[PDB]
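Q: After the structure tokens below, expect a handful of questions from me.
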Amino acid sequence: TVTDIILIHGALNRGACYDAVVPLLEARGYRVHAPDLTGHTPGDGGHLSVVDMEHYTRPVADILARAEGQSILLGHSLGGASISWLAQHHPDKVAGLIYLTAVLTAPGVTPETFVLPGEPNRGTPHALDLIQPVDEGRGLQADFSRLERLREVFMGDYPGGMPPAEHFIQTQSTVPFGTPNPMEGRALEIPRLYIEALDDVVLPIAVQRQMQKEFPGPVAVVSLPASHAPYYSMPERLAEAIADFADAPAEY
Ligand SMILES: Cc1c(COC(=O)[C@H]2[C@H](/C=C(/Cl)C(F)(F)F)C2(C)C)cccc1-c1ccccc1
């Protein structure tokens with residue numbers, strides 16, 4: 001019944017960041033997609049071209065349109081805002097939701113709740129320190145005056161200096177940060193899995209667990225001993241857990 005798995009990147013990233021995971025899931029008999037969201041393909045217009053979430057998430061809605069059966073949606077970090085939005089508008093196409101140290105907000109809550117300081121167990125101050133606003137808060141861009149800090153904070157999981165340029169973009173749209181989760185009704189029956197990254201310092205495990213705690217209804221959880229990017233440091237263990245979920249998301 002599940003034919004496709006769609007892996008969705010987070011802020012400042014592109015689908016290619018999943019390159020170590022895609023073939024492993026393909027060996028589990030799945031068709032695997034890792035698309036660029038809107039604004040994430042060099043030459044497409046970049047951050048100011050994103051109008052709203054329907055626009056931002058439209059490359060996935062396209063994939064879900066032509067899938068033979070049901071799909072698993074995975075979001076990394078900010079990518080969770082997209083899979084929640086998509087689940088609500090394509091609940092008939094999504095059989096499961098995977099939040100990989102990802103923004104999991106309750107219906108009506110925007111991601112900024114957990115990024116900005118607050119109580120309890122809210123805040124990603126390492127990211128706000130290193131990622132700065134541009135174009136009057138319509139864009140965010142990394143602080144390139146602190147390259148080693150950027151690497152050790154966000155790309156510490158990369159095997160062997162840094163990931164290749166194909167994995168990243170220069171400027172991110174603030175559109176997903178400010179959009180509330182519209183999941184209601186049918187979408188809240190979709191089985192949900194949170195994969196925690198225990199040593200994440202971008203999104204601390206306390207914040208991760210606080211998000212699970214405040215979402216209404218059950219959230220399954222598996223824990224990985226990784227920092228911000230498990231798709232770089234343990235693709236095998238990560239793809240294994242994704243495929244076991246896809247095999248039977250209702251039971252996992
Ligand atoms: C951003 C980035 C990432 C994914 O990070 C995220 O999406 C963070 C986002 C939170 C926040 Cl507050 C923010 F978006 F602002 F960072 C979560 C949603 C907590 C992964 C790997 C490298 C870089 C990066 C690539 C090039 C240069 C620097 C870093």
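Naming works like this for the structure tokens: A, B, ... for the chains as they're shown, residue 1 at the start of each chain, ligands 1 onward in shown order.
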At a cut-off of 12 Å, using only C-alpha atoms, what residues contact residue 145 (chain A)? Leave out same-chain residues fewer than 2 positions from it and give the result as an MDAnalysis selection string.

A: chainID A and resid 129:132 141:143 147:151

Q: Those same residues, written as a JSON list (two decimals), in the first residue's frame with C-alpha atoms?

A:
[["chain", "number", "residue", "atom", "x", "y", "z"],
["A", 129, "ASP", "CA", 23.17, 33.22, 16.37],
["A", 130, "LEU", "CA", 24.59, 31.85, 13.10],
["A", 131, "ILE", "CA", 21.67, 32.38, 10.70],
["A", 132, "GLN", "CA", 20.81, 36.03, 10.20],
["A", 141, "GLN", "CA", 21.42, 33.60, 5.47],
["A", 142, "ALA", "CA", 24.27, 31.91, 7.32],
["A", 143, "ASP", "CA", 26.96, 33.99, 8.97],
["A", 147, "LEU", "CA", 32.84, 29.04, 8.91],
["A", 148, "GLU", "CA", 34.26, 26.55, 11.42],
["A", 149, "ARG", "CA", 31.47, 27.41, 13.85],
["A", 150, "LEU", "CA", 28.95, 26.78, 11.05],
["A", 151, "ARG", "CA", 30.53, 23.40, 10.30]]

Q: Could you give me, as JSON lines, every chain A residue with an atom at most 6 Å from ligand 1, plus its closest atom pair and distance in Å to one decimal, counting only C-alpha atoms and all ligand atoms, rows ordered by chain then number?

A:
{"residue": "A:10", "atom": "CA", "partner": "ligand 1", "partner_atom_place_in_ligand_line": "7 (O)", "distance": 4.3}
{"residue": "A:11", "atom": "CA", "partner": "ligand 1", "partner_atom_place_in_ligand_line": "7 (O)", "distance": 4.1}
{"residue": "A:12", "atom": "CA", "partner": "ligand 1", "partner_atom_place_in_ligand_line": "1 (C)", "distance": 4.8}
{"residue": "A:77", "atom": "CA", "partner": "ligand 1", "partner_atom_place_in_ligand_line": "18 (C)", "distance": 3.8}
{"residue": "A:78", "atom": "CA", "partner": "ligand 1", "partner_atom_place_in_ligand_line": "18 (C)", "distance": 3.6}
{"residue": "A:103", "atom": "CA", "partner": "ligand 1", "partner_atom_place_in_ligand_line": "18 (C)", "distance": 6.0}
{"residue": "A:115", "atom": "CA", "partner": "ligand 1", "partner_atom_place_in_ligand_line": "12 (Cl)", "distance": 5.0}
{"residue": "A:124", "atom": "CA", "partner": "ligand 1", "partner_atom_place_in_ligand_line": "12 (Cl)", "distance": 5.3}
{"residue": "A:127", "atom": "CA", "partner": "ligand 1", "partner_atom_place_in_ligand_line": "16 (F)", "distance": 4.3}
{"residue": "A:128", "atom": "CA", "partner": "ligand 1", "partner_atom_place_in_ligand_line": "12 (Cl)", "distance": 5.0}
{"residue": "A:131", "atom": "CA", "partner": "ligand 1", "partner_atom_place_in_ligand_line": "15 (F)", "distance": 5.4}
{"residue": "A:142", "atom": "CA", "partner": "ligand 1", "partner_atom_place_in_ligand_line": "28 (C)", "distance": 4.8}
{"residue": "A:150", "atom": "CA", "partner": "ligand 1", "partner_atom_place_in_ligand_line": "28 (C)", "distance": 5.3}
{"residue": "A:154", "atom": "CA", "partner": "ligand 1", "partner_atom_place_in_ligand_line": "22 (C)", "distance": 4.7}
{"residue": "A:155", "atom": "CA", "partner": "ligand 1", "partner_atom_place_in_ligand_line": "21 (C)", "distance": 5.5}
{"residue": "A:168", "atom": "CA", "partner": "ligand 1", "partner_atom_place_in_ligand_line": "25 (C)", "distance": 5.9}
{"residue": "A:202", "atom": "CA", "partner": "ligand 1", "partner_atom_place_in_ligand_line": "19 (C)", "distance": 5.5}
{"residue": "A:203", "atom": "CA", "partner": "ligand 1", "partner_atom_place_in_ligand_line": "19 (C)", "distance": 4.8}

Q: Based on the selection just made, write C-alpha atoms of those residues as a short mmCIF file (atom, residue, chain, number, x, y, z; two decimals), in the first residue's frame.

A:
data_model
loop_
_atom_site.label_atom_id
_atom_site.label_comp_id
_atom_site.auth_asym_id
_atom_site.auth_seq_id
_atom_site.Cartn_x
_atom_site.Cartn_y
_atom_site.Cartn_z
CA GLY A 10 15.22 21.72 5.96
CA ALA A 11 16.35 25.35 5.91
CA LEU A 12 19.15 26.35 3.50
CA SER A 77 14.29 20.23 11.01
CA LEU A 78 12.29 23.02 9.35
CA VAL A 103 9.71 21.05 13.77
CA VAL A 115 12.89 28.66 17.67
CA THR A 124 17.25 27.31 19.16
CA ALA A 127 20.80 28.72 14.99
CA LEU A 128 19.56 32.27 15.60
CA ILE A 131 21.67 32.38 10.70
CA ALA A 142 24.27 31.91 7.32
CA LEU A 150 28.95 26.78 11.05
CA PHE A 154 25.32 22.18 11.63
CA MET A 155 27.65 19.80 9.63
CA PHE A 168 22.94 23.90 0.12
CA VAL A 202 20.85 23.22 16.77
CA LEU A 203 17.57 21.77 18.03
#

Q: Using only C-alpha atoms, which residue out of A:234, A:207, A:79, A:86 lies closest to residue 65 (chain A)?

A: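 Selected residue with least distance to residue 65 (chain A): A:86.
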
Q: Would you pick out the contacts of residue 49 (chain A) at 10 Å or less, using only C-alpha atoms, so that residues sharing its chain but fewer than 6 positions from it are not included, and give the list as a ChimeraX atom specification?

A: /A:38-39,55-56,173

Q: For each of A:5, A:34, A:201, A:246, take the minimum atom-to-atom distance to residue 123 (chain A), counting only C-alpha atoms, then give the residue where this is smallest.

A: A:201

Q: When you look at residue 164 (chain A) with a cut-off of 12 Å (counting only C-alpha atoms), what residues show up, excluding the ones that are within fewer than 2 positions of it in the same chain? I need them as a ChimeraX atom specification.

A: /A:13-14,16-17,19,155,158-159,161-162,166-169,232

Q: From the DSSP assignment of the backbone, select every residue of region 77-112 of chain A that is helix (DSSP H, G or I), and format the answer as an MDAnalysis selection string.

A: chainID A and resid 79:89 112

Q: If you run DSSP on this backbone, which residues of region 21-208 of chain A come out as strand (DSSP E), and could you give them as a PyMOL selection string?

A: chain A and resi 31-33+70-76+94-100+131-134+139-142+172-173+192-197

Q: Please list as a list in words every residue within 8 Å of residue 69 (chain A), counting only C-alpha atoms and excluding residues in the same chain fewer than 3 positions away.

A: residues 1, 2, 3, 4 and 93 of chain A

Q: Would you mind reading off the distance between CA of residue 85 (chain A) and CA of residue 111 (chain A), one decimal, in Å?

A: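 Separating CA of residue 85 (chain A) from CA of residue 111 (chain A) is a distance of 11.9 Å.
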
Q: Measuring between only C-alpha atoms, which one of A:8, A:72, A:238, A:21 shows the shortest distance to residue 97 (chain A)?

A: A:72

Q: Quote the spacing between CA of residue 177 (chain A) and CA of residue 223 (chain A) in Å to one decimal place.

A: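 Value for the CA of residue 177 (chain A)-CA of residue 223 (chain A) distance: 25.0 Å.
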
Q: So, with only C-alpha atoms as the atoms that count, which of A:194, A:67, A:181, A:174 lies closest to residue 213 (chain A)?

A: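 Checking each of A:194, A:67, A:181, A:174 against residue 213 (chain A), counting only C-alpha atoms, the winner is A:194.
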
Q: Go ahead and compute the interatomic distance for CA of residue 205 (chain A) and CA of residue 226 (chain A), in Å to one decimal.

A: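 Result for CA of residue 205 (chain A) versus CA of residue 226 (chain A): 10.8 Å, one decimal.
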
Q: Counting only C-alpha atoms, figure out which residue out of A:140, A:32, A:206, A:219 gets nearest to residue 175 (chain A).

A: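 Ranking A:140, A:32, A:206, A:219 by distance to residue 175 (chain A), first place goes to A:140.
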
Q: Pick out the closest residue to residue 242 (chain A) from this set: A:100, A:187, A:229, A:64. Count only C-alpha atoms.

A: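 Of A:100, A:187, A:229, A:64, the one nearest residue 242 (chain A), counting only C-alpha atoms, is A:100.
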